[PDB]
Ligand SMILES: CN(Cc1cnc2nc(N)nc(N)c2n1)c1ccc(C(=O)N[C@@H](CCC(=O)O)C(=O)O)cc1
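Just one chain is shown here, as C-alpha cells, and it is the form deposited without this ligand.
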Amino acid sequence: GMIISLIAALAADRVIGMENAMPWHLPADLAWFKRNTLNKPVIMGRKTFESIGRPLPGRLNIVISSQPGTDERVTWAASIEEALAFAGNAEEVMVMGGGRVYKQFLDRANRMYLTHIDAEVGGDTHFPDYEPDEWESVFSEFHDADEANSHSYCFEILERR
C-alpha cells in the first residue's frame, strides 16, 4: 500500500538537475503539501547524492550505489528492492535518483510529481517512457514567468490507474 512517487523536474523529456534537494516547484495552492513530505524517506542514486553532498535533514535518506557508502547519515542499498525494504512502513517514499533510477522504479511506482520547466536546459538523461493508459494526470497547474518566478512551469501529479 505504500505510495511510491517519482519526483522529477523535466525540460521536455530531459531530467533537470535542480538546485533544491527535492526536484519540484510547487504551486502556491499546493505548498501546504510540502509540510506533509518532510518525514518521508527519499531514495536516490549515487550521482544524485554526490551532487547534493549531504543528506536531506529529518528523514531517512536511502542511496542506491554499487560502491561502498561514503556517509553514515545515509542508508546504502545495492538495488531498488533493498531500497524499498529500507523504507519500511513509510506511507510514501520519494524517488529522485537519476534517469536510471526512475526507469528501474517505474513498474513499482504509483505516483509521479513532475515539474515541467520547458525553457530550462535539460541534463544528459531522459525520463523513462511510460504508458499513458496506465497513468492519470490528476492535477496539473501552469504558472507563467513573472517577478517571483524566473521560469514558467507546469506542476503535474500523475497516479496509476
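Numbering starts at 1 and follows the sequence shown. Superpose the two forms; the largest set of C-alphas matching within 1.5 Å is the rigid core.
Below, we refer to the form solved in complex with this ligand, which is not included among the displayed structures.
Taking this ligand in the deposited bound form and overlaying it onto this form via the surrounding C-alphas, would you call the pocket open or blocked, using 3+ ligand atoms within 2.4 Å of backbone or C-beta atoms as the cut? Result: blocked.
Suppose contact means a heavy atom within 4.5 Å; in the deposited bound form, does that hold for all of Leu56, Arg59 and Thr115 with this ligand? Yes, each of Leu56, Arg59 and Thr115 comes within 4.5 Å of this ligand in the deposited bound form.
Sole residue of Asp107, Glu131, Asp29, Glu136 within 4.5 Å of this ligand in the deposited bound form, by heavy atom: Here the answer is residue option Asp29.
With the cut-off set at 4.5 Å between non-hydrogen atoms, does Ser65 touch this ligand in the deposited bound form? Residue-level check for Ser65: no, no contact with this ligand.
Answer with yes or no whether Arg100 is in contact with this ligand in the deposited bound form, where contact means some heavy atom within 4.5 Å. Looking in the deposited bound form, residue contacts with this ligand do not include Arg100, since no heavy atom lies within 4.5 Å.
Partner contact for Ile7 in the deposited bound form: this ligand, 4.5 angstroms, heavy atom: Heavy-atom contact with this ligand at 4.5 Å: present for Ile7.
Looking at the partner-bound form in the deposited bound form, is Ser51 within 4.5 Å of this ligand by any heavy atom? Yes - in the deposited bound form, heavy atoms of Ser51 and this ligand come within 4.5 Å of each other.
Once you line up the core, how about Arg100: does its CA shift reach 2 Å between the shown form and the other one? No, shifts by less than 2 Å.
Once the core is superposed between the shown form and the other one, does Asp124 show a C-alpha displacement of at least 2 Å? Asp124: C-alpha displaced by 2 Å or more between the shown form and the other one.
Superposing on the rigid core, do we see a C-alpha displacement of 2 Å or more at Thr37 between the shown form and the other one? Yes, its C-alpha moves 2 Å or more.
Please check whether, in the deposited bound form, the CA atoms of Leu84 and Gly122 lie closer or farther apart than here, given a change of 3 Å or more. Those two alpha carbons end up farther apart in the deposited bound form.
What happens to the Cα distance from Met44 to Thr37 in the deposited bound form: does it get closer or farther than here, with a change of 3 angstroms or more? Distance between the C-alphas of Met44 and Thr37: shorter in the deposited bound form, by 3 Å or more.
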